[PDB]
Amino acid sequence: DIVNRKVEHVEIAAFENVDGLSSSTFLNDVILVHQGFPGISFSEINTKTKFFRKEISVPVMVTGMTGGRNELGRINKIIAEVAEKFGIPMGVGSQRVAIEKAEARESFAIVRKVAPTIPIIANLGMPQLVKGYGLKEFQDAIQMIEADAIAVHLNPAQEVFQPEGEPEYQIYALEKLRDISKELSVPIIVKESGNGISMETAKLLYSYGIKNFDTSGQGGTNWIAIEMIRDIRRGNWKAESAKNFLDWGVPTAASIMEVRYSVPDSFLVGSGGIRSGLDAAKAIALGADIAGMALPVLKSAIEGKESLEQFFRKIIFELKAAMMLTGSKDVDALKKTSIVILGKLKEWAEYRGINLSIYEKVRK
């Protein structure tokens, strides 16, 4: 029955209108400065970068989405085999459903069978830490796919509007997560799920030892929309309230700025509405180490292996065109390339006390 949410989630995400619904990444307020003399040739552009103890071919990852039933595993299988082929890391979807039901397990393990070398990232929700999950459940999530890291997701907005949601985010959870991390052999990433990570939340997680963040800002998949749709579907009164919250959250671009600023040494995934290699380039230039994507990977995967391969080919070409046209021979140069910040993003940073001088120095 958690298993039908799982398919309903994928079905609404894949086929309903929830991508950027009434929301914004603020990435239109970021401009990469064009260099008419790049100083490089396209063919010498190098996109390799570090992902924990592995090297990856591109600074992009697929973030966690699904798992829990065999048709969901077939999607994970297509994503994982193509991610392997391209040398990109892949997070799986929440593994709760496979801690609760042994028959859900293969729909996650298939990822590692088909992708033996790339970084694979486990996944469990914060609310499960408040309800009993502890070290052993983390280790089971991890071994089930021989993960190189585990992502713990924050989705309080989703849970608030979810018909059968669990909006429990007591501080005790962080004490538990900090303890669990002492004992785990792989790092923890804390990621949002469409509503973004602010500086208050990043400093707080940081105070409990978390150094790896995934912004998942607003502007991309709108989980408040997804749950609004599930509410409409059951005639649940919450739907009209969800609609008032459609634009709730920290935009992706602002979240990247807030996390890089407030935790200058964090390992940062910039995600939530990254739809092109140009978006990916902007995310990294603003301050992320890697760009994350979920929804468009799902939509291509459902179309098939070849559609997904073409999708990555296009993302990668678009990333390298942005590096070419900013004179960035490598990911490190991209992180330092010249930008312009305009509009609401600029007003957001100013109000929030993001001194642009210190900002430029910190993103580099």
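From 1 onward, residues are counted along the sequence shown. Between two forms, the rigid core is the largest collection of C-alphas that superpose within 1.5 Å.
Novice: Between 277-285 and 231-239, report the one with more C-alpha displacement in 8 other deposited structures of this protein relative to this form after a rigid core superposition.
Specialist: It is 231-239 that deviates more in 8 other deposited structures of this protein.
Novice: Once everything is fitted on the core, do the CA positions of 98-106 or those of 200-208 lie farther from the shown form in 8 other deposited structures of this protein?
Specialist: Of the two stretches, the larger average C-alpha offset in 8 other deposited structures of this protein falls on 98-106.
Novice: Which is higher on average in the deposited entry, the C-alpha temperature factors of 64-72 or of 328-336?
Specialist: Looking at the record's C-alpha B-factors, the answer is 64-72.
Novice: As stated in the PDB record, which stretch has the larger average Cα B-factor, 243-251 or 97-105?
Specialist: Stretch with the greater average CA B-factor: 97-105.
Novice: Which listed residue, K282, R233, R275, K191, has the largest C-alpha temperature factor in the record?
Specialist: Within the set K282, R233, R275, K191, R233 shows the top C-alpha B-factor.
Novice: Among the candidates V152, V130, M257, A202, give the one with the maximum CA B-factor reported in the record.
Specialist: Of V152, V130, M257, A202, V130 has the highest C-alpha B-factor.
Novice: Relative to the other modelled residues of the same chain, rank the CA B-factor of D214 and answer lowest, middle or highest third.
Specialist: Answer is lowest: the recorded C-alpha B-factor places it there.
Novice: Sort the modelled residues of this chain by their C-alpha B factor and say whether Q35 lands in the lowest, middle or highest third.
Specialist: As the PDB entry reports it, the C-alpha B-factor of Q35 lands in the lowest third of its chain.
Novice: Taking the entry's C-alpha B-factors for this chain, is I229 in the lowest, middle or highest third?
Specialist: Middle third by C-alpha B-factor.
Novice: Which third, lowest, middle or highest, does the C-alpha temperature factor of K320 belong to within its own chain?
Specialist: Ranked within chain, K320 CA B lands in the lowest tercile.
Novice: In terms of the chain's CA B-factor thirds, is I341 lowest, middle or highest?
Specialist: Lowest third.
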